[PDB]
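Quick heads-up: it's one chain on its own, the form deposited in one PDB entry, in structure tokens.
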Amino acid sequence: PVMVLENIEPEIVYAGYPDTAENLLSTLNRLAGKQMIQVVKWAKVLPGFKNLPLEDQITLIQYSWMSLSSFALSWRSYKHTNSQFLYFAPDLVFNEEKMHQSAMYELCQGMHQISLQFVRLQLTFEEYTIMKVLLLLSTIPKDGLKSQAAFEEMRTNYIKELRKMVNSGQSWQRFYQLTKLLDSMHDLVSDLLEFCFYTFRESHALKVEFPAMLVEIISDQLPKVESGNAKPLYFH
């Protein structure tokens, strides 16, 4: 299970870099689209997930895109900079000045904080790989998926997989700590989507530009989300 996840990790992606809000947001949107490809490529080979109906795989991916991009961001941020900065790309690294010019300073701070958690925890690559899959399996539609049961067994197997990876008392505490971090991610992710949705909606007036693959994902996602019909699963 776990050895496979270690092999399948994604490739380096460049953002392709005046530091105006419009420019940074547009660059972030552009980075997210390229990353989206890596996400699809990664998800495709995931054990269990690949046997799921295709429509189901896509639905899961669209729902969890922001969350996946974020978790991956903390991890790059953790490894490359000891969580000092937000390491979006080798060519796009934020500091407090960048967060400010970005116009997303507080959201960025929350993200950095999640990142700091990785250091406090000393998150292993083994823990990180599992949690990522779990994030991909965290938000479902209200009426569910085409094969809800199938999704359910695999989500459960994966939770069990994470518990294996984490004395008994300490292990249980770690499992609590990681599951809690996943919940906290969702709170932050929800805020990012709200902001992303608004800029998307107010795109022409704002001058913030989104890539085509992303435009497709967002247009579809926004009604079901703001409507409260995306069922995000919470551990605690």
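In this text, residue numbers run from 1 along the sequence as written.
One more form of this protein should be noted, the form deposited with a partner chain bound, which is absent from this view; the next part is about it.
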Exercise. Counting non-hydrogen atoms within 4.5 angstroms of the partner chain in the entry with it bound, say which of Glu9, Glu22, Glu216, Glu226 makes the cut.
Key: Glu216
Exercise. May I ask you to choose, among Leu46, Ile61, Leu28, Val208, the residue with a heavy atom within 4.5 Å of the partner chain in the entry with it bound?
Key: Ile61
Practice problem: Classify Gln57 as contacting or not contacting the partner chain in the entry with it bound by the rule of any non-hydrogen atom within 4.5 angstroms, answering yes or no. | Solution: yes
Exercise. Using the partner position in the entry with it bound, report whether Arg201 sits within 4.5 Å of the partner chain, counting heavy atoms only.
Key: no
